[PDB]
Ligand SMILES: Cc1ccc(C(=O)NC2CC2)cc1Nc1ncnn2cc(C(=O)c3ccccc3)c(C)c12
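Next up: just one chain, as structure tokens, the form deposited without this ligand.
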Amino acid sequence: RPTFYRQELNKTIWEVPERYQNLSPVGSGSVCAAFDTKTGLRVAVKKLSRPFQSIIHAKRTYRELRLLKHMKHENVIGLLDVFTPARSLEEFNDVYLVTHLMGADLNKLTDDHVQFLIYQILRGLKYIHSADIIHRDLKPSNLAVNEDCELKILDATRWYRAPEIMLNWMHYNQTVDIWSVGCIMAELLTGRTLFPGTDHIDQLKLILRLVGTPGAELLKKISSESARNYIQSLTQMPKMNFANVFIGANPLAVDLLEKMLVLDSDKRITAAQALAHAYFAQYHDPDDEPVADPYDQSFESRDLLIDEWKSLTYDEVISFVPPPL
């Protein structure tokens, strides 16, 4: 067990292994930047706020730990460390999570740079999706990059949200994330938000202006009577020609955008398919685009007591094995 020290930070007493030095609040659970003297990395240390206050808090804590422990990929945020000052389950109150300190996020670029950034996003998404996980909130502030332009997917704007989410469809597919990637890509290439909706309905309005109103094939798959009736009352607008929207873009980029920003989620390109697109020819390497181990999400269906979620969480803290540097 490492020696901890205590220090008042964000109006509470943080208690962290001495390897983590010079904690500096970075926002708000609450996060401090620190220097990990064991690894020589700048890291973010997150002290969970009220992790076991309620059954929901407790399940949420356990989810977040489970997810972070699972994610072991260059383009996805992972867990460098997880700790508690508690020496037993009985004393177990606080959970700290340690990750790479990400120095900037994506919040116009050259086509070479966009290729590289979007490649990294897709590589990470191929991984995430292979675990049967859907991000559901990809956006520029959830994409961290360092000074070598190495990108990691992390974790109110609706500008990047797939239309079916905006419509509370449920039954989302993984290509909700691909929609988001198309939106980010478009913006990197143009320097302008693709669908800067002012409110919820406006977001859908802007989306349909670009991609057209649903065709006959998509209409067949819409169970909602209210949705169908509204849609068929709309003035049928065709898909815009993306080649004339993204003026002067690499035609491969335009072709990729067309394959991502398809109204029907079943017809959007997958992350693995997109990595094989010619746009990424200079990065694509089937040998090093790994998939994830299977992720046991069964806990999501469970309604357990605080002390049970806590115990499970304590189990995961105890079993944690740091990554090799």
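Throughout, rigid core stands for the largest set of C-alpha atoms superposing within 1.5 Å between the two forms. Heads up: residue numbers just count along the shown sequence, starting at 1.
The form solved in complex with this ligand is left out here; the points below concern that form.
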{"query": "Open vs blocked, site of this ligand as found in the deposited bound form, superimposed, 2.4 Å to backbone or C-beta", "finding": "blocked"}
{"query": "Residues 68, 77 and 103 all lining this ligand in the deposited bound form, heavy atom within 4.5 Å", "finding": "yes"}
{"query": "Residue 99: touches this ligand in the deposited bound form, heavy atom cutoff 4.5 angstroms", "finding": "yes"}
{"query": "Contact of residue 154 with this ligand in the deposited bound form (heavy atom, 4.5 Å)", "finding": "yes"}
{"query": "Interface membership of residue 46, this ligand in the deposited bound form, 4.5 Å heavy atom rule", "finding": "yes"}
{"query": "Contact of residue 64 with this ligand in the deposited bound form (heavy atom, 4.5 Å)", "finding": "yes"}
{"query": "Proximity to this ligand in the deposited bound form (heavy atom, within 4.5 Å), stretch among 271-279, 286-294, 38-46, 253-261", "finding": "38-46"}
{"query": "Rigid core superposed: residue 132 CA moves 2 Å or more between the shown form and the other one", "finding": "no"}
{"query": "Large Cα shift (2 Å or above) at residue 273 between the shown form and the other one, core-fitted", "finding": "no"}
{"query": "Core-aligned CA displacement of residue 56 at least 2 Å between the shown form and the other one", "finding": "yes"}
